[PDB]
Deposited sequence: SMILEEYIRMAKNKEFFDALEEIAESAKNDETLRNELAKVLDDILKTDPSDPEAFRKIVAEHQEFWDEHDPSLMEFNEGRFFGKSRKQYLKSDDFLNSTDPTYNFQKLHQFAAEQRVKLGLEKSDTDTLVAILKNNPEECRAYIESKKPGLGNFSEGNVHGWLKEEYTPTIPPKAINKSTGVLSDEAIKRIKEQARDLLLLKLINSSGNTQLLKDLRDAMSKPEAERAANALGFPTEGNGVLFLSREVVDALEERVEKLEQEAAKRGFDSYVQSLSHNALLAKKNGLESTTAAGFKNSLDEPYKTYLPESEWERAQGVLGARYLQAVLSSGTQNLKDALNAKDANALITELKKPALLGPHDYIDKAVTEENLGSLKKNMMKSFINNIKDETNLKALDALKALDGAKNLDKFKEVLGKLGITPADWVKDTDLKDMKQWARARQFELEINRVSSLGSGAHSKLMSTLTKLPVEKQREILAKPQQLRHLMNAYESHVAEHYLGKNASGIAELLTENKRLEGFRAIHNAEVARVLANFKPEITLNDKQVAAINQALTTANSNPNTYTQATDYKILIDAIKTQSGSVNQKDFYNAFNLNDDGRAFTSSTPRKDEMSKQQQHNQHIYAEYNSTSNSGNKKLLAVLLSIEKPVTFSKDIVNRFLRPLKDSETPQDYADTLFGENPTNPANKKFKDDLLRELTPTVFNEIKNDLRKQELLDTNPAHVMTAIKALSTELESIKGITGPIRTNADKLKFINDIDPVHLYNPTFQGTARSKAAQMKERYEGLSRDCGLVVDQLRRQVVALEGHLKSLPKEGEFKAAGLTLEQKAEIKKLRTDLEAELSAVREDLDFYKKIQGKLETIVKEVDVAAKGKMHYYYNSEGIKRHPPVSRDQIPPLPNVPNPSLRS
């Protein structure tokens, strides 16, 4: 080797200078000449060549003096045959370097065309862009050949000048072109998913499609390879787009948030830095929101979170509802009792907020109205429901603790009275049900959706809430609710699910099992075994103080629920997670004990008796919560009058009174009539009328076989006339056609048919009545011959041939009526329907 020369030093200098001409527009115009000349020269003419490189000495000395030192013409300092850097190389390299300098600022269409064209076609293309990408025409640069052309049908210009722009040189030119075309495409795409497909690809075939979709050409794909410069710029483009996307989308997303969602953002909103705040959002905003937005976004999401948490909370809101302006409402909400000292609440701003906020705070207030010392809750609420003026309101909102209340609008008066009524219901159902008002969510909805007036009615007559919890067929609900009122379907199925718990043998186990987070669903055989578990528990004299014996009661129930987390079960009954021992704060078990202590004497009969009629009356009794212990003498006083009482109401009255004076009684009468439905009371009754029919005296058997036969004759006298009129009322209106008419009076052409309508729908309302009546008799008749044992297992001393032929007379007569009445029920319904189709053809006709 040697090296005593400037040949590398010029390669290396040109290369640097070209880089610094990226952003120095005049230096490129200088460096283009330096090249434009070096190019014009013949390479293999060491005189002429070194003449031309020397004759730009002023431009050489301008970058680096250490290129220059009679010695210029001497090829001592400048090698003519360097193994790595000739004149042939420094000409070839200066050509590459020329076209590279030119495309650095050239348009998208050129950039494409260089990628589009093959090396041959690419050289000829460079000639057509003259002097843009150098002066590459014949004669103007030495190596440069004549343009040849292909033999293809549309001929394509090619230039086979490898001596100056080598095949490896035009690849490097395409390399540089690609990059710049991409940066052009990247900086101009708003389409973020495409950009991402490119950055996140892991194989040429989708690096392709991603590129091709941005506008990179199909022809370029061969050389498509991400440099680290294009990557770096791509990566920082998406982060730009996502941020200004997320900044824009936020104010919408906040409005999109559900109530529970809003509520979950608290830890976020209280965050002392933007990282935290941001970390509590959902994923677009969780990262790509910019921190600059934060202070603003605290407010936008804040004032929605102030609406949500103030609306739904239990905190005391007197002072904050009485706030003077926003500035005072703020200093109130920052108080530790409320939302705490946090910057976010300094976006509860006077403008839109403190109206909106106070209306929302008023919902909380009303819902946490409490039996205070001078005022009942139901009075306070009904005061608010009652009053008519805005000023008649402010008068009571005086007494509730809100002065001035001059902020209270007129429009809102209807909304906030609904909150007053809704709350009234909440309480009145809590008063009526052993269970929670929560346990009747669907019932609590349907009342809140009855129109303004009916609400006030059902509230003035609260006893029907009782009847509604015992409404299981839609017509029963309708009779108290409305015509076809909203949400009945759901109400009924609530009542069907609750009946298990409502008839469970202890009111604590009722409450918690009914109000479990996943919903449980029972069979009667499940609740049998649950009530069986509680009898073993009442048998055990330390179920509620020995933790291993409290477990025997829970372990028994557990199994019957059947399918949930063990732990919540145990905690919800005040035990630790294991079972091992009681949790320190022990209220659920405490009331269980208080209940199951009152079921001492009641259980004492429940176990003794074979009277599987009034077993059921005890079962309902111990399934109702009691203030007090219910002695052995009151169990006797409960069981006495049931035989002689005909209805549930007549049963209550003779126990307690017409309007029993003593509050603790009045409540238990109300609570007793809730569980003694007309339906279950009959079940008790004709169960205990099985009893007198199971007796060992024929004295008693027959004294109740005759009774029963008297009630059958009653039933036959209601059915009698309904039978004799039946054959008549059909034969007339069954063969009857329905295009026709019957005109027999005066009036208008349309009012003839209209009042012949009134006459048919009069008959439709007679049949309906009959239908209802026969419905009751089939229920009754069934009721009776359930009560009758069946030729066998009579468990009685000798029955004579007249006695045993009389009881068999009864069965057959009972079944022979039941069977018979069905004829008519069927038939009367046919006539029912038959009219409905005649009445609604007079509608479409007249």
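Show which contiguous pieces of the deposited sequence have no C-alpha coordinates, counting from residue 1. Gaps vs deposited seq, in order: 1-6, 76-87, 865-901.
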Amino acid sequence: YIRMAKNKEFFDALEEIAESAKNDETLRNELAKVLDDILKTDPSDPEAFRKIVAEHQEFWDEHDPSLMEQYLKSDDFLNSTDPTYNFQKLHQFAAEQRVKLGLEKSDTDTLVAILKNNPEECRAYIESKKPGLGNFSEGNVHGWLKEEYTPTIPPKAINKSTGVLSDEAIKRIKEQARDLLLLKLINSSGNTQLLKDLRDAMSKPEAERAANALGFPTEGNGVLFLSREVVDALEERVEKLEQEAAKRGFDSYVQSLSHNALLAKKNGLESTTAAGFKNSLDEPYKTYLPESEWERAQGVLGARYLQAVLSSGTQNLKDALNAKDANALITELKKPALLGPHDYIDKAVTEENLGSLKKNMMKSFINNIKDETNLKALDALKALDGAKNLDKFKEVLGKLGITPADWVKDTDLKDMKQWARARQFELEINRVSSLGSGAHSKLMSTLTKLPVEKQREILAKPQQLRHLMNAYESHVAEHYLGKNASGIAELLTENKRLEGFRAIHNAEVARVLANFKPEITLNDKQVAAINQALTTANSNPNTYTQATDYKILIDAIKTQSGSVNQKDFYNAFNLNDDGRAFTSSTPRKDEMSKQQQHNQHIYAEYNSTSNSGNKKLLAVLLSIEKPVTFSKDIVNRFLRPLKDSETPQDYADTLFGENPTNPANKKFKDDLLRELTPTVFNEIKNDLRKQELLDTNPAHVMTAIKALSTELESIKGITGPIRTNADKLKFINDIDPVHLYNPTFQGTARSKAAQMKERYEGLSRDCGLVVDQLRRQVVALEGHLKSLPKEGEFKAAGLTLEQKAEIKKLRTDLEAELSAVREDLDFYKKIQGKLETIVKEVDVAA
From here on, numbers count along this sequence of modelled residues.
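Higher-B stretch (mean Cα B-factor, as the entry records it), 99-107 or 537-545: Per the PDB record, 537-545.
Name the higher of the two by mean Cα B-factor in the PDB entry, 550-558 versus 707-715. Comparing averages over the C-alpha atoms only gives 550-558.
Going by the deposited entry, which of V309, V770, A169, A477 has the highest CA temperature factor? Comparing C-alpha B-factors across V309, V770, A169, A477, the top value belongs to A477.
Residue selected from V779, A797, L818, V34 by maximal Cα B factor: Of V779, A797, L818, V34, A797 has the highest C-alpha B-factor.
Is the Cα B-factor recorded for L67 in the lowest, middle or highest third of its chain? Top third by C-alpha B-factor.
For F731, return the chain-relative third of its C-alpha B-factor as stated in the PDB record: lowest, middle or highest. Within its chain, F731 is a highest-third residue by C-alpha B-factor, going by the deposited values.
Chain-wide C-alpha B factor ranking for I831, given as lowest, middle or highest third: As the PDB entry reports it, the C-alpha B-factor of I831 lands in the middle third of its chain.
Sorting the chain's CA B-factors, does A13 end up in the lowest, middle or highest third? For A13, the deposited C-alpha B-factor lands in the highest third.
Lowest, middle or highest third: where is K757 by C-alpha B factor in its chain? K757: CA B-factor falls in the middle third of its chain.
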